[PDB]
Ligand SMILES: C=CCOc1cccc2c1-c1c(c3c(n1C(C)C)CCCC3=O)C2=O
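Take a look at this single chain, the form deposited without the named molecule, given in structure tokens.
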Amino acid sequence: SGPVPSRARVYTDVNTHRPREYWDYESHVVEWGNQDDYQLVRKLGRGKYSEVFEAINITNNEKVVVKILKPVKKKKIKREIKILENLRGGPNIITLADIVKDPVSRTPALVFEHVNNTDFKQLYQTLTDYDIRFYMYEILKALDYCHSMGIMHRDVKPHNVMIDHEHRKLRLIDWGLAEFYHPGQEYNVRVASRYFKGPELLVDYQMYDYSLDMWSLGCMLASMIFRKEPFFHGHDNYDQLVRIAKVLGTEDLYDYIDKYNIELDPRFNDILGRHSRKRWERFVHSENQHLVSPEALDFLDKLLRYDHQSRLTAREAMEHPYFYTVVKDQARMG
């Protein structure tokens, strides 16, 4: 009485049927560019796995962004690089322009195209109903492409969706937690950022798939249409599932746990309690009602499901009526 196994319902065997070299990043041999082409201009931030800078290519004066890796095991570096190479040129996928050896850290530095981003903490306060539909559609093009290429992003959240708003230009970044999907594999559940973790991670169901990214996307859409970012604000990973349970209800939570024969950490016992499913209307108020439509709530509802097999795929989500106007506007004669 371990858990019931699961498979992705789409793109299930896309890596099965690729050459080993496509997904076997451990064997990948990096092609190094020249660090002396780039001069760091300004530090943009810092993380546990890297420091990130705006920089200039001094051979052509193009702005780029450099992520200097903290030291980390060839394998984790190779995985990010091979995924960025595989996905390069895909719709709304950040372009890896170069890979160099930083002359001070001796660690690898990844050099990306520059996107003139408005930080989401400022930009989300200004988005219109159409802007939310258009950028959700653009995120979905990147997620359908990477999923159809056999890759789960595993860290979908506003900070990883760069938007140059005046150009209606969006890129999905930070592929450092991404991994290739192979049916039957048991994955590490320590992925995504707390507020965007799917119930599968939170109840330690390891045999998950691309549908993880669709839960995280739904958390972004709720935060956008309701003006509450992040939407599910847990204090830790156990409280994160409590916060979801207070909205989706405990009835469907325990139906999912039953379906997959999951054993609940007994630390979840006194904390999940018992909660009705709430209507999405409970979250509508005078300051967000202009971003909410029946189409937005129907779409949201179909992403935010406990059972990962029941969530929309990215391709299915793109066909939802919520995006009809965006689909019309992008049907360009050229």
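Note that residue numbering follows the sequence shown and begins at 1. Residues that one form lacks are left out of the comparison. Here the rigid core means the biggest group of C-alpha atoms that line up within 1.5 Å when the two forms are laid on top of each other.
Although it is not shown, the form deposited with the named molecule bound is what the next lines describe.
With respect to the named molecule in the entry with it bound, the three residues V52, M162 and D174 uniformly fall within 4.5 angstroms at the level of their nearest heavy atom. In summary, among the residues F112, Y181, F231, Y205, the only one with a non-hydrogen atom within 4.5 Å of the named molecule in the entry with it bound is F112.
Among heavy atoms of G45, some come within 4.5 Å of the named molecule in the entry with it bound. For the chain shown alone, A296 is not a contact residue for the named molecule in the entry with it bound, no non-hydrogen atom being within 4.5 angstroms. Looking at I94, you'd find a heavy atom of it within 4.5 angstroms of the named molecule in the entry with it bound. The named molecule in the entry with it bound comes within 4.5 Å of a heavy atom belonging to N117. Core-superposed comparison between this form and the one not shown: one run of at least three consecutive shared residues with Cα shifts of 2 Å or more is located, at 46 to 48.
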